[PDB]
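Letter by letter, the chains look like this.
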Amino acid sequence: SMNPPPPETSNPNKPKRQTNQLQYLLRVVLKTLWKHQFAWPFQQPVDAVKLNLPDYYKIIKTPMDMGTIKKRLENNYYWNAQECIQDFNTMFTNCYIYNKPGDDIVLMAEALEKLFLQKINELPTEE
Ligand SMILES: Cc1nnc2n1-c1ccccc1C(c1ccccc1)=N[C@H]2NC(=O)OCc1ccccc1
C-alpha cells in the first residue's frame, strides 16, 4: 500500500497575500478547531497505509486536512479567504463521502464543522 504525496504547502510561483480575513482564519478558525477534543484525526493527512484503507485515495481524489491548512496559513500560501474556506469544506466533505452516517469519525467532523460555521459566520470584512 502507498500514500500519495501530501497537498502542497509551499509553491513560490503561486500568488499569495496576508489579509485580515486570512489572519482570522488562522487565529480564530484554525486555532478553535485544532484544540478540539475531536481534532486529532484531521490534524494530518489520512495515512491510508497505517489505517488499512487501501481504497481511501481511490475514492478521495482531493484530500485535505488541518495539518495542511495550518501549514498553508503559517506559510501565507493563500491569496484569499475563499481558498482556505474551500480547503476546510473539502476536508469535511471528504469525510462524509468516505464514511457512513453516524460513524464516530462523521460525528467528530460534524462537531468541528458546527464550530467552523459559527466562526466563519463572523469573518471580518476585508480591510
Ligand atoms: C479523517 C478520517 N476520515 N476517515 C477516517 N479518518 C481517520 C483519520 C485518521 C485516524 C482515524 C480516522 C477514522 C476514525 C477516527 C476516529 C474514530 C473512528 C474512526 N476513520 C477513518 N475512516 C475509516 O473508515 O477508518 C477506519 C479505521 C479507523 C481507525 C483505524 C483503522 C481503520
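Residue labels used throughout are counted from 1 along each chain in written sequence order rather than taken from the entry, whose numbering may differ, and residues without coordinates are not included. Where side-chain values are given, they derive from all heavy atoms of the structure, hydrogens and water being excluded.

The deposited coordinates for this entry were obtained by X-ray crystallography, with a reported resolution of 1.65 Å.

The next point concerns the overall build of the chain. The helix and strand labels rest on DSSP assignments: H or I over at least four residues marks a helix, E over at least two residues marks a strand, and numbering proceeds from the N terminus. In terms of regular secondary structure, the chain is built from 5 helices and 0 strands. With the radius of gyration taken over C-alpha atoms, the globule rule is written as 2.2 Å times the number of residues to the power 0.38. For 127 residues, the compact-globule formula gives about 14 Å, and the C-alpha radius of gyration of the chain, at 15 Å, lands near that figure. The principal-axis extents of the C-alpha atoms in the chain amount to approximately 45 × 35 × 20 Å. We call a residue buried when its accessible area falls under 20% of the maximum for its residue type, exposed when it is over 50%, and partly exposed in between, using a 1.4 Å probe and counting protein chains only. The burial tally for the chain puts 37% of its 127 residues in the buried class. If you sum the accessible surface of the chain, you get close to 7,900 Å²; carbon and sulfur atoms cover 51% of it. Accessibility throughout is a Shrake-Rupley quantity obtained with a 1.4 Å probe, and a residue counts as covered only by protein chains that appear here.

Consider each residue's heavy atoms; a residue with any of them within 4 Å of a molecule or strand counts as near. Every residue lining the ligand is accounted for by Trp-40, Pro-41, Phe-42, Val-46, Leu-51, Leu-53, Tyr-98, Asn-99, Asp-104, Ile-105 and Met-108. Counting of polar contacts relies on pairs of N or O atoms within 3.5 Å, with two restrictions inside protein: one atom must be capable of donating a hydrogen and the other of accepting it, and residues adjacent in sequence are counted only when both atoms are side-chain atoms. In this structure, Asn-99 approaches the ligand through a side-chain N or O atom, which is 2.9 Å from a nitrogen atom. Coverage of the ligand by the protein chains reaches 68% of its 590 Å² of free accessible surface. Here the ligand is seated within the largest pocket. Under the scheme applied, nonpolar residues are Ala, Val, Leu, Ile, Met, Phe, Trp, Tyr, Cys and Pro; charged residues are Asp, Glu, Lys and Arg; polar residues are all the others, including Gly. A class-by-class count of the residues in the shell around the ligand yields 9 nonpolar, 1 polar and 1 charged. Using a 1 Å grid laid over the protein atoms alone, points where a 1.4 Å probe fits but cannot get out form a cavity; open sets with protein on both sides within 12 Å along at least 5 of 7 lines form a pocket; any residue with an atom within 4 Å of a point counts as lining. Throughout, a molecule is located in a cavity or pocket provided that more than half of its atoms lie within 2 Å of its grid points.

Next up on the list: the pattern of salt bridges. By salt bridge we mean one thing: a side-chain nitrogen of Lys or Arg within 4 Å of a carboxyl oxygen of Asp or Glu. Within this structure, the stated rule accounts for 4 salt bridges. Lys-14 is the salt-bridge partner of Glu-83, the closest N and O atoms lying 3.1 Å from each other. One end of the pair, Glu-83, is in helix α4 (residues 81–98); the other, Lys-14, is in the segment before α1 (20–34), and 69 residues separate them in sequence. A residue is classified by how much of its surface remains accessible, and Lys-14, at 16% relative accessible area, is buried. Ionic pairing is found between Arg-72 and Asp-87, a salt bridge with its closest N-O pair at 2.8 Å. On the criterion of sequence distance, the pair formed by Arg-72 in helix α3 (residues 66–74) and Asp-87 in helix α4 is long-range, its members being 15 residues apart.

As a further point, take the packing of aromatic side chains. Ring pairs are drawn from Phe, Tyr and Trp, using the six-membered ring of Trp, whenever the two centres fall within 6.5 Å, and their geometry is named by plane angle: stacked under 30 degrees, edge-to-face over 60, tilted for the rest. Under the criterion given, the structure shown has 5 aromatic pairs. Relative to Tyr-78, the ring of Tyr-77 lies with its centre 5.9 Å away and its plane at 75°, an arrangement referred to as edge-to-face. Taken individually, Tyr-77 and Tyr-78 each receive the classification buried, so the pair is uniform in this respect. Whether a charge sits over a ring depends on NZ of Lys or CZ of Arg being within 6 Å of the ring centre and within 35 degrees of the ring normal. Of note, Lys-14 hangs over the ring of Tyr-77, and the distance from its end group to the ring centre comes to 4.8 Å. Lying over the aromatic face of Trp-34, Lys-70 brings its terminal NZ or CZ to 5.6 Å of the ring centre.

This next bit is on the layout of surface pockets. Considering only enclosed or pocket space, the largest pocket measures out at about 480 Å³ in volume. Looking at the lining of the largest pocket, the elements with two or more residues in it are α2 (56–59) and α4. Classifying every residue of the lining of the largest pocket by side-chain character gives 19 nonpolar, 4 polar and 2 charged. Grid points are joined across faces, edges and corners, and a volume is the space filled by probe spheres set on the points.

Another aspect to go through is the packing of α1 against α3. The axes are straight lines fitted to the C-alpha atoms, using for helices just the contacting stretch, and the angles between their N-to-C directions are given from 0 to 180°. Across the interface, α1 lies against α3 with an axial gap of 10 Å and an inter-helix angle of 150°. Taken together, the axes of α1 and α3 lie roughly antiparallel to each other. The two elements α1 and α3 cross, and the hand of that crossing is left-handed. Contacts between α1 and α3 pair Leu-22, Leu-25, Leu-26, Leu-30, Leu-33 and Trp-34 from the former with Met-66, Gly-67, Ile-69, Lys-70 and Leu-73 from the latter. Taken together, the residues of the contact of α1 with α3 break down into 9 nonpolar, 1 polar and 1 charged. Roughly parallel refers to an angle under 35 degrees, roughly antiparallel to one over 145, roughly perpendicular to one between 65 and 115, and oblique to any angle outside these ranges. Take the far helix as your reference; a near helix turned counterclockwise from it by less than a right angle gives a left-handed crossing, and one turned clockwise gives a right-handed crossing. Any pair of residues with heavy atoms lying within 4.5 Å of one another is described as a contacting pair.

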